[PDB]
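So this first bit is one chain, no partners, the form solved without the named molecule, shown in structure tokens.
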């Protein structure tokens, strides 16, 4: 009676009080909070790692998979076949492989070579190599993952200690070993921790399973947490399984006041000193030795075996946990203790057999008790989440010590139910192992992988290689030439139309002028005053005037009548209504010029479609409308394209600006060609500004090489089917449509919005330049993206938002590259013309897409630099619009008219 009370006095420390157990519980409860927080997670010892598993099996799972189970006490590989659809129910055949204390403690390479060899043999014995069966990986160690098929080892635990693995991705490490074998092909689709596998398994049979617990070589647990609580995972919808990794509870020294010298000594001799402390007082890997450490400490004080101490009772690991168990059996309890203590050399007194066996209870009871305190903190967290007052949940379990020890299970549940009363908990023991559960995870993981494979295959067509970009640059140049050569100009797609502007501002332009800006997003009328010499200055006023789309696609009569009306009102506005002022007309469309004041509208582009305009001279068309009104009189000195207007605006300040570019509703470019190359205009003196009209590039098929199904659909439904193919893969008026069309397709395939094509998604023009630009902002957050989308009328989840943003990126990126390859061709021609080996030139730019988009310009500039390394281009943005440049052209126009 005192012997018992004798040891209960010695091992007093290892006798935890309920109030104490509650304390620890409260402590872990706080460790969980810190672990899940984005602010404190970096310092927490309890990792609370996300698993990317959002629900237990639903029953829809089916297929043939292979599972690997490394990290437990046995390396086992299994094959799980499941398919209710047809009729088949869950079936699985497993095999166990040996793993010597050599591989486990060797180099990661040696370890993964073994795992790859064992999997090979397994597939051979079943001759299933030919099948690309999905592989699930149950790796019972702490792992960092940003996705289910990635697992970076944080640190080894238990018996493993292989070099070159920590901090690496075991998936990649394993994939290498297999590939190095060339024997077969693996498709590792997921990596799960055993606590998650165990939970998945028990969940299959009990749809109330919300916890996975393991108590074997090591101890850990996982539970279903609310996504809105997992800070380190963007989303607030539903739940995800968190792998607590509580074995490291108190590694920051939060359980020093509970750890004994026996614990510390056990640690100082461990493989991983300082870590997994909480686990070192529980798991069956340490129970035995923790006891043999006291037996020695007792004998060393004559309290046992008559103070005798054999070399065996001193040798490490000579007292297995197996002993600790057999010695606690109810039947042959003490009888067993005798045989054991006997082989230990020491002479077992039938009184010793009693003293010993009791020690075992104390140690083996502390474990069961501790685990009950932490698991209790988890159940309390679940109860808190549900809001309910009571709690009903199932808990999956597995692990030697639990599965094979006479009293553990028993005492464990007891203390538990005692600690958490307001809850009804069922403990289901995984009889099958992790295999079933891993397979259940692999099924869904794989389901999402094919979806992904398909999405990527499609998007891959929007990816151009540097080599593809050089071809486009090449083609651009070939077409540039066909258009300049009078013999081939007749059937060239890039018309290279001359503008009849032969020099950038000289600095003598002086006067007052009116200007028109038609073609972009805003039709506006301006008044510009230029003063040079001493006081060189420019003063301009403008006013925007709408233009109903009806008029825009009405008749040339109403269109130009409307324009003149606006010109009138502005003349009043500025007051200057009276004299005969010279006017520059910026008409952003392809015109055939004979002189600075004659433009035959070759064809309409963008969204304009007025009747009886194509084929006429726009100057005239305007002149007439003016005569008809009879309210004033003007001097139309010039007609100008916005690209040329832009170039002049920027060249007014920057003398090296010899290129103009526009990337807004439509896209076009212009530059200064050598008069000797412009075979369409007599002379070979000086230079001339060439309005390329490069939007038509590809209208002869030269781009059908990289155009996609979505590009064709967008073209096929445009106002000008067949024309302006290049500009239609670049400008803000079309980008959106390419996207919409890609989205509708993904939706029909059931990859977006639950497969529902909404009315909004069917509305053309829905994706404005302004939206494409917000959605791609880098300062944006997923929550915000989803918000924007919902505002548009699209009911999108967070997963949806991610895919939409991606799609927008692929499309917008390709647009910038194609545009860069185009500009690259231009600058390199200007360099070859000037026979240079290096050319410095700046480009004048304008266009809403260019100005608002967060990445277009950057990726564009980058691409030009990469395709034309012999030119140092600079892009200067026009902030005053074309107007300034139109007036600066009108000035010369007049100067040459007066002369």
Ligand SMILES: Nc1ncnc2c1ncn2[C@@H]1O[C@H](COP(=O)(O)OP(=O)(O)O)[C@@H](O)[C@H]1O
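Positions refer to the first chain, counted from 1.
The protein also exists as the form deposited with the named molecule bound; that form is not presented, and the subsequent description refers to it.
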{"property": "One residue of 600, 303, 470, 362 in contact with the named molecule, assessed in the deposited bound form (non-hydrogen atom, 4.5 angstroms)", "result": "362"}
{"property": "The single option of 748, 180, 132, 410 touching the named molecule in the deposited bound form, heavy atom within 4.5 Å", "result": "410"}
{"property": "Options 547 to 555, 334 to 342, 365 to 373, 700 to 708; stretch whose heavy atom lies within 4.5 Å of the named molecule in the deposited bound form", "result": "365 to 373"}
{"property": "Heavy atom of residue 16 within 4.5 Å of the named molecule in the deposited bound form", "result": "yes"}
{"property": "Contact of residue 229 with the named molecule in the deposited bound form (heavy atom, 4.5 Å)", "result": "no"}
{"property": "Residue 358: touches the named molecule in the deposited bound form, heavy atom cutoff 4.5 angstroms", "result": "yes"}
{"property": "Contact set, 502 to 523 vs the named molecule in the deposited bound form - heavy atom within 4.5 angstroms", "result": "none"}
